[PDB]
>>> print(open('run14.txt').read())   # compact mmCIF, C-alpha atoms and all ligand atoms
# COMPACT_ATOMS: atom_id res chain seq x y z
CA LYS A 30 0.00 0.00 0.00
CA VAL A 31 1.09 3.59 -0.72
CA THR A 32 1.63 5.55 2.50
CA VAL A 33 0.08 9.01 2.90
CA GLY A 34 0.86 11.27 5.86
CA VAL A 35 -1.41 13.50 7.93
CA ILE A 36 -0.18 16.03 10.48
CA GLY A 37 -2.66 16.60 13.31
CA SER A 38 -5.24 14.36 14.97
CA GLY A 39 -8.49 16.36 15.02
CA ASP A 40 -11.79 16.13 13.18
CA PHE A 41 -10.31 16.69 9.74
CA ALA A 42 -7.32 14.40 10.24
CA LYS A 43 -9.58 11.60 11.49
CA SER A 44 -12.04 11.97 8.61
CA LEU A 45 -9.26 12.14 6.04
CA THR A 46 -7.71 8.99 7.52
CA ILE A 47 -11.04 7.13 7.15
CA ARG A 48 -11.29 8.08 3.51
CA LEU A 49 -7.63 7.25 2.78
CA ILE A 50 -8.00 3.77 4.31
CA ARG A 51 -11.30 3.13 2.49
CA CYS A 52 -9.60 4.08 -0.79
CA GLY A 53 -6.63 1.75 -0.30
CA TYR A 54 -3.87 3.79 1.33
CA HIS A 55 -1.78 3.26 4.43
CA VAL A 56 -1.85 6.27 6.77
CA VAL A 57 0.85 7.63 9.07
CA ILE A 58 -0.13 10.38 11.55
CA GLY A 59 2.25 12.99 12.93
CA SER A 60 1.07 14.19 16.33
CA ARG A 61 2.57 16.27 19.11
CA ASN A 62 1.41 13.56 21.54
CA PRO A 63 1.23 10.27 19.63
CA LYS A 64 0.63 8.11 22.70
CA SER A 65 -2.48 10.14 23.52
CA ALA A 66 -3.52 10.53 19.88
CA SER A 67 -3.24 6.80 19.14
CA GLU A 68 -6.73 6.20 20.57
CA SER A 69 -8.22 8.63 18.03
CA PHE A 70 -7.25 6.14 15.29
CA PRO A 71 -7.48 2.42 14.48
CA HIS A 72 -4.55 0.12 15.05
CA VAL A 73 -3.93 -0.08 11.29
CA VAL A 74 -2.83 3.59 11.41
CA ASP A 75 0.79 4.39 12.35
CA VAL A 76 0.53 7.22 14.92
CA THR A 77 3.92 8.75 15.71
CA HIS A 78 5.82 12.00 16.18
CA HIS A 79 6.04 14.45 13.27
CA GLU A 80 9.71 13.76 12.60
CA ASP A 81 9.08 10.00 12.32
CA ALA A 82 5.93 10.29 10.21
CA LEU A 83 7.75 12.41 7.61
CA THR A 84 10.32 9.67 6.97
CA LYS A 85 7.55 7.31 5.84
CA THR A 86 5.95 9.34 3.04
CA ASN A 87 6.48 12.14 0.55
CA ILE A 88 2.88 13.47 0.61
CA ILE A 89 1.53 15.05 3.80
CA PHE A 90 -1.82 16.66 4.53
CA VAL A 91 -1.28 19.55 6.94
CA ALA A 92 -4.46 19.03 9.00
CA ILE A 93 -3.86 21.84 11.48
CA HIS A 94 -4.90 25.50 11.56
CA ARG A 95 -2.85 28.28 9.96
CA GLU A 96 -2.14 29.82 13.35
CA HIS A 97 -0.15 26.70 14.34
CA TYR A 98 1.96 26.31 11.18
CA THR A 99 5.04 27.77 12.90
CA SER A 100 5.03 24.89 15.38
CA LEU A 101 6.36 22.84 12.43
CA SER A 102 9.13 25.28 11.47
CA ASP A 103 11.86 23.25 13.16
CA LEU A 104 10.99 20.41 10.72
CA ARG A 105 12.03 22.50 7.68
CA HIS A 106 15.14 20.49 6.86
CA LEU A 107 13.27 17.18 7.12
CA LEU A 108 10.44 18.53 4.95
CA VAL A 109 12.64 19.48 1.98
CA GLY A 110 11.26 18.09 -1.26
CA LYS A 111 8.05 16.77 0.29
CA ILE A 112 4.54 17.65 -0.89
CA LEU A 113 2.56 19.52 1.76
CA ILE A 114 -1.19 19.70 1.13
CA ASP A 115 -2.72 22.87 2.58
CA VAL A 116 -6.31 22.01 3.53
CA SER A 117 -6.89 25.06 5.74
CA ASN A 118 -9.79 27.50 6.00
CA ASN A 119 -10.13 30.92 7.65
CA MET A 120 -13.09 32.55 9.36
CA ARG A 121 -13.04 35.69 7.20
CA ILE A 122 -12.75 36.42 3.50
CA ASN A 123 -9.25 37.73 2.66
CA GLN A 124 -8.23 37.47 6.31
CA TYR A 125 -4.45 37.80 5.98
CA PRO A 126 -1.97 39.57 3.66
CA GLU A 127 -1.30 36.23 1.93
CA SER A 128 -3.35 33.10 1.46
CA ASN A 129 -2.74 30.34 3.98
CA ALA A 130 -1.08 28.18 1.33
CA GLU A 131 1.27 30.99 0.29
CA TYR A 132 2.10 31.51 3.96
CA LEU A 133 2.91 27.79 4.32
CA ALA A 134 5.03 27.99 1.16
CA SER A 135 6.96 30.92 2.68
CA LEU A 136 7.67 28.91 5.86
CA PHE A 137 8.91 25.90 3.85
CA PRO A 138 10.38 27.36 0.64
CA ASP A 139 12.05 24.06 -0.30
CA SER A 140 8.88 22.03 0.22
CA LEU A 141 6.22 21.70 -2.49
CA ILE A 142 2.96 23.26 -1.25
CA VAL A 143 -0.33 22.30 -2.93
CA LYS A 144 -3.68 23.79 -1.98
CA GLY A 145 -6.48 21.26 -1.85
CA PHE A 146 -9.47 19.71 -0.03
CA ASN A 147 -10.38 22.75 2.08
CA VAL A 148 -13.83 22.73 0.45
CA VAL A 149 -14.54 19.17 1.70
CA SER A 150 -16.18 18.92 5.10
CA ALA A 151 -15.12 16.29 7.63
CA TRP A 152 -18.60 14.83 7.33
CA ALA A 153 -18.18 14.65 3.54
CA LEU A 154 -14.92 12.72 3.87
CA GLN A 155 -16.80 10.11 5.90
CA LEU A 156 -19.98 9.90 3.82
CA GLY A 157 -18.74 11.09 0.45
CA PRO A 158 -19.50 14.40 -1.25
CA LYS A 159 -22.89 15.15 -2.72
CA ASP A 160 -23.06 13.87 -6.30
CA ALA A 161 -23.44 17.39 -7.71
CA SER A 162 -20.45 18.73 -5.72
CA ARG A 163 -17.65 16.15 -5.92
CA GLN A 164 -15.22 18.90 -6.89
CA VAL A 165 -11.98 19.61 -5.07
CA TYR A 166 -10.03 22.72 -6.14
CA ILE A 167 -6.27 22.15 -6.41
CA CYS A 168 -3.40 24.50 -7.22
CA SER A 169 0.39 24.74 -6.83
CA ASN A 170 3.40 26.46 -8.33
CA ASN A 171 4.95 23.00 -8.78
CA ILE A 172 3.31 21.23 -11.72
CA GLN A 173 4.54 17.76 -10.78
CA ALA A 174 3.26 18.05 -7.19
CA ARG A 175 -0.02 19.50 -8.46
CA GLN A 176 -0.51 16.47 -10.70
CA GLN A 177 0.28 14.05 -7.84
CA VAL A 178 -2.38 15.66 -5.65
CA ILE A 179 -4.84 15.67 -8.57
CA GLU A 180 -4.28 11.93 -8.94
CA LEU A 181 -4.75 11.42 -5.19
CA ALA A 182 -8.05 13.31 -5.36
CA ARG A 183 -9.20 11.00 -8.16
CA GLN A 184 -8.25 7.94 -6.09
CA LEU A 185 -10.28 9.33 -3.18
CA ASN A 186 -13.31 9.54 -5.54
CA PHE A 187 -13.35 13.32 -5.94
CA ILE A 188 -13.35 15.32 -9.17
CA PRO A 189 -10.15 17.41 -9.16
CA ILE A 190 -10.45 20.93 -10.56
CA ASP A 191 -6.98 22.16 -11.59
CA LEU A 192 -6.74 25.92 -10.99
CA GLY A 193 -3.09 26.21 -11.90
CA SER A 194 -0.62 28.22 -9.85
CA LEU A 195 -0.62 28.85 -6.09
CA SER A 196 -1.99 32.33 -6.79
CA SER A 197 -5.39 30.56 -6.95
CA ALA A 198 -5.21 29.53 -3.29
CA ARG A 199 -6.61 32.82 -1.97
CA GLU A 200 -9.95 32.56 -3.74
CA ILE A 201 -10.11 28.81 -3.15
CA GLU A 202 -9.88 29.71 0.54
CA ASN A 203 -12.53 32.40 0.15
CA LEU A 204 -14.95 30.04 -1.59
CA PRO A 205 -16.48 28.33 1.52
CA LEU A 206 -17.27 31.81 2.86
CA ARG A 207 -19.09 33.09 -0.25
CA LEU A 208 -22.35 31.13 -1.08
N1 LIG A 301 -13.06 20.31 10.60
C1 LIG A 301 -13.45 20.40 9.27
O1 LIG A 301 -14.56 19.95 8.93
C2 LIG A 301 -12.56 20.98 8.29
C3 LIG A 301 -11.34 21.46 8.67
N2 LIG A 301 -10.50 21.98 7.70
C4 LIG A 301 -9.15 22.46 8.02
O2 LIG A 301 -8.46 21.36 8.58
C5 LIG A 301 -7.50 21.81 9.57
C6 LIG A 301 -7.80 21.12 10.93
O3 LIG A 301 -9.10 21.39 11.23
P1 LIG A 301 -9.66 20.55 12.58
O4 LIG A 301 -9.29 19.14 12.43
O5 LIG A 301 -11.10 21.01 12.59
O6 LIG A 301 -8.78 21.42 13.63
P2 LIG A 301 -8.48 20.98 15.23
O7 LIG A 301 -8.87 22.21 15.99
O8 LIG A 301 -9.13 19.68 15.47
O9 LIG A 301 -6.82 20.94 15.35
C7 LIG A 301 -6.40 19.88 14.59
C8 LIG A 301 -5.02 19.46 15.10
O10 LIG A 301 -4.13 20.57 15.18
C9 LIG A 301 -3.05 20.07 15.97
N3 LIG A 301 -2.55 21.15 16.74
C10 LIG A 301 -3.22 21.96 17.65
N4 LIG A 301 -2.41 22.90 18.21
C11 LIG A 301 -1.17 22.66 17.60
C12 LIG A 301 0.07 23.27 17.76
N5 LIG A 301 0.20 24.32 18.62
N6 LIG A 301 1.14 22.85 17.06
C13 LIG A 301 0.93 21.78 16.20
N7 LIG A 301 -0.17 21.09 15.94
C14 LIG A 301 -1.23 21.57 16.69
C15 LIG A 301 -3.59 18.92 16.92
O11 LIG A 301 -2.99 17.80 16.59
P3 LIG A 301 -1.97 17.01 17.84
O12 LIG A 301 -2.68 17.47 19.10
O13 LIG A 301 -2.21 15.61 17.38
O14 LIG A 301 -0.57 17.57 17.59
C16 LIG A 301 -5.11 18.94 16.54
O15 LIG A 301 -5.58 17.65 16.56
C17 LIG A 301 -7.71 23.34 9.68
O16 LIG A 301 -6.80 23.99 8.79
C18 LIG A 301 -9.15 23.52 9.16
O17 LIG A 301 -9.41 24.77 8.60
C19 LIG A 301 -10.88 21.94 6.33
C20 LIG A 301 -12.07 21.50 5.94
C21 LIG A 301 -13.06 20.99 6.89
>>> encode(input="run14.txt", output="structure tokens", more="lines below")
Ligand SMILES: NC(=O)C1=CN([C@@H]2O[C@H](COP(=O)(O)OP(=O)(O)OC[C@H]3O[C@@H](n4cnc5c(N)ncnc54)[C@H](OP(=O)(O)O)[C@@H]3O)[C@@H](O)[C@H]2O)C=CC1
Amino acid sequence: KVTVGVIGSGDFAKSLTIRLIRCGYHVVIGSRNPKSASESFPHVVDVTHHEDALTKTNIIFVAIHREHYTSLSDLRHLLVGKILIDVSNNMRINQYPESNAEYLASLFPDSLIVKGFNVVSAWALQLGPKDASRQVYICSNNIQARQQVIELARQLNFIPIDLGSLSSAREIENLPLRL
């Protein structure tokens, strides 16, 4: 099985892990407190510290809030060359001077940041998206990483919508707040 990583152990990380397992992946979780977090996951999931989880995969969902991104900054060297999927949402339209994905890309300039899956609710990862709204909006400045995440979305039974460069991340983040 291909291994996919998830950082964090909350509602989104748990829902994502369900969907990844159902669609044939092996999941490794990076948690601040993996002994405690291990009960939030089945035994088939490898729950460990961030620095161990990153050695087991090249594709990592960053299932934490923007305000906690800097808690990962000491991992920068270990994260070089890895794909980081920015799934985050904000409470306000155009909340910060940069989109969350551009902010993550600035923290990890030698990682490959891809925006995606922020429009999918935790409940939709468990049940599946509504048939008229299977779309997941994906973008990145790295074409190869963008295509890898597009293929992952297809394997998770979503319809990937390729919006090109990471400049698209701002309005992808505004979309849940717009109607
Ligand atoms: N909930 C949802 O339905 C959706 C959420 N999202 C996005 O997914 C991400 C997570 O959302 P959700 O799961 O709801 O958020 P949570 O509030 O559940 O936080 C998730 C994880 O963040 C980690 N965390 C908390 N504080 C820190 C810290 N100081 N340093 C490092 N890691 C920390 C914890 O993991 P640990 O304690 O294991 O380290 C926690 O389990 C957010 O960006 C959110 O916008 C996107 C779409 C839907």
>>> atom_distance(input="run14.txt", atom1="CA of residue 98 (chain A)", atom2="CA of residue 136 (chain A)")
8.2 Å
>>> closest_atom_pairs(input="run14.txt", of="chain A", to="ligand LIG 301 (chain A)", cutoff="10 Å", atoms="all atoms listed in the file", output="tab-separated table")
residue	atom	partner	partner_atom	distance
A:35	CA	A:LIG301	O13	9.7
A:36	CA	A:LIG301	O11	7.0
A:37	CA	A:LIG301	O11	3.5
A:38	CA	A:LIG301	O15	3.7
A:39	CA	A:LIG301	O8	3.4
A:40	CA	A:LIG301	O4	4.0
A:41	CA	A:LIG301	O4	3.8
A:42	CA	A:LIG301	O4	5.6
A:43	CA	A:LIG301	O4	7.6
A:44	CA	A:LIG301	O1	8.4
A:45	CA	A:LIG301	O4	9.5
A:58	CA	A:LIG301	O13	8.1
A:59	CA	A:LIG301	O13	6.8
A:60	CA	A:LIG301	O13	3.7
A:61	CA	A:LIG301	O14	3.7
A:62	CA	A:LIG301	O13	5.9
A:63	CA	A:LIG301	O13	6.7
A:64	CA	A:LIG301	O13	9.6
A:65	CA	A:LIG301	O13	8.2
A:66	CA	A:LIG301	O13	5.8
A:67	CA	A:LIG301	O13	9.0
A:69	CA	A:LIG301	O13	9.2
A:76	CA	A:LIG301	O13	9.2
A:77	CA	A:LIG301	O13	9.4
A:78	CA	A:LIG301	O14	8.6
A:79	CA	A:LIG301	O14	8.5
A:90	CA	A:LIG301	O2	9.1
A:91	CA	A:LIG301	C5	7.1
A:92	CA	A:LIG301	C5	4.2
A:93	CA	A:LIG301	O10	3.9
A:94	CA	A:LIG301	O16	3.7
A:95	CA	A:LIG301	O16	5.9
A:96	CA	A:LIG301	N5	8.0
A:97	CA	A:LIG301	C12	4.8
A:98	CA	A:LIG301	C13	6.8
A:99	CA	A:LIG301	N6	7.5
A:100	CA	A:LIG301	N6	4.7
A:101	CA	A:LIG301	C13	6.7
A:115	CA	A:LIG301	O16	7.5
A:116	CA	A:LIG301	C4	5.3
A:117	CA	A:LIG301	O16	3.2
A:118	CA	A:LIG301	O17	3.8
A:119	CA	A:LIG301	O17	6.3
A:120	CA	A:LIG301	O17	8.6
A:129	CA	A:LIG301	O16	8.9
A:145	CA	A:LIG301	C19	9.3
A:146	CA	A:LIG301	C20	6.8
A:147	CA	A:LIG301	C19	4.4
A:148	CA	A:LIG301	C20	5.9
A:149	CA	A:LIG301	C20	5.4
A:150	CA	A:LIG301	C21	4.2
A:151	CA	A:LIG301	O1	3.9
A:152	CA	A:LIG301	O1	6.7
A:153	CA	A:LIG301	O1	8.4
A:154	CA	A:LIG301	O1	8.8
A:202	CA	A:LIG301	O17	9.5
A:205	CA	A:LIG301	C20	9.3
>>> atom_distance(input="run14.txt", atom1="CA of residue 167 (chain A)", atom2="CA of residue 70 (chain A)")
27.0 Å
>>> atom_distance(input="run14.txt", atom1="CA of residue 80 (chain A)", atom2="CA of residue 52 (chain A)")
25.4 Å
>>> closest_residue(input="run14.txt", among="A:102, A:184, A:201, A:140", to="residue 168 (chain A)", atoms="only C-alpha atoms")
A:201
>>> closest_residue(input="run14.txt", among="A:135, A:123, A:169, A:128", to="residue 207 (chain A)", atoms="only C-alpha atoms")
A:123
>>> residues_near_point(input="run14.txt", point="(0.7, 30.5, -9.4)", cutoff="12 Å", atoms="all atoms listed in the file", output="mmCIF file with C-alpha atoms, in the frame of the given file")
data_model
loop_
_atom_site.group_PDB
_atom_site.id
_atom_site.type_symbol
_atom_site.label_atom_id
_atom_site.label_comp_id
_atom_site.auth_asym_id
_atom_site.auth_seq_id
_atom_site.Cartn_x
_atom_site.Cartn_y
_atom_site.Cartn_z
ATOM 1 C CA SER A 128 -3.350 33.100 1.460
ATOM 2 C CA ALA A 130 -1.080 28.180 1.330
ATOM 3 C CA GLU A 131 1.270 30.990 0.290
ATOM 4 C CA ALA A 134 5.030 27.990 1.160
ATOM 5 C CA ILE A 142 2.960 23.260 -1.250
ATOM 6 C CA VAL A 143 -0.330 22.300 -2.930
ATOM 7 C CA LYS A 144 -3.680 23.790 -1.980
ATOM 8 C CA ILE A 167 -6.270 22.150 -6.410
ATOM 9 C CA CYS A 168 -3.400 24.500 -7.220
ATOM 10 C CA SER A 169 0.390 24.740 -6.830
ATOM 11 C CA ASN A 170 3.400 26.460 -8.330
ATOM 12 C CA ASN A 171 4.950 23.000 -8.780
ATOM 13 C CA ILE A 172 3.310 21.230 -11.720
ATOM 14 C CA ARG A 175 -0.020 19.500 -8.460
ATOM 15 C CA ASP A 191 -6.980 22.160 -11.590
ATOM 16 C CA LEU A 192 -6.740 25.920 -10.990
ATOM 17 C CA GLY A 193 -3.090 26.210 -11.900
ATOM 18 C CA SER A 194 -0.620 28.220 -9.850
ATOM 19 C CA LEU A 195 -0.620 28.850 -6.090
ATOM 20 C CA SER A 196 -1.990 32.330 -6.790
ATOM 21 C CA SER A 197 -5.390 30.560 -6.950
ATOM 22 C CA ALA A 198 -5.210 29.530 -3.290
ATOM 23 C CA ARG A 199 -6.610 32.820 -1.970
#
>>> closest_residue(input="run14.txt", among="A:203, A:164, A:46, A:32", to="residue 187 (chain A)", atoms="all atoms listed in the file")
A:164
>>> closest_residue(input="run14.txt", among="A:163, A:30, A:55, A:106", to="residue 189 (chain A)", atoms="all atoms listed in the file")
A:163
>>> closest_residue(input="run14.txt", among="A:161, A:200, A:206, A:57", to="residue 127 (chain A)", atoms="all atoms listed in the file")
A:200
>>> closest_residue(input="run14.txt", among="A:104, A:179, A:89, A:33", to="residue 75 (chain A)", atoms="all atoms listed in the file")
A:33
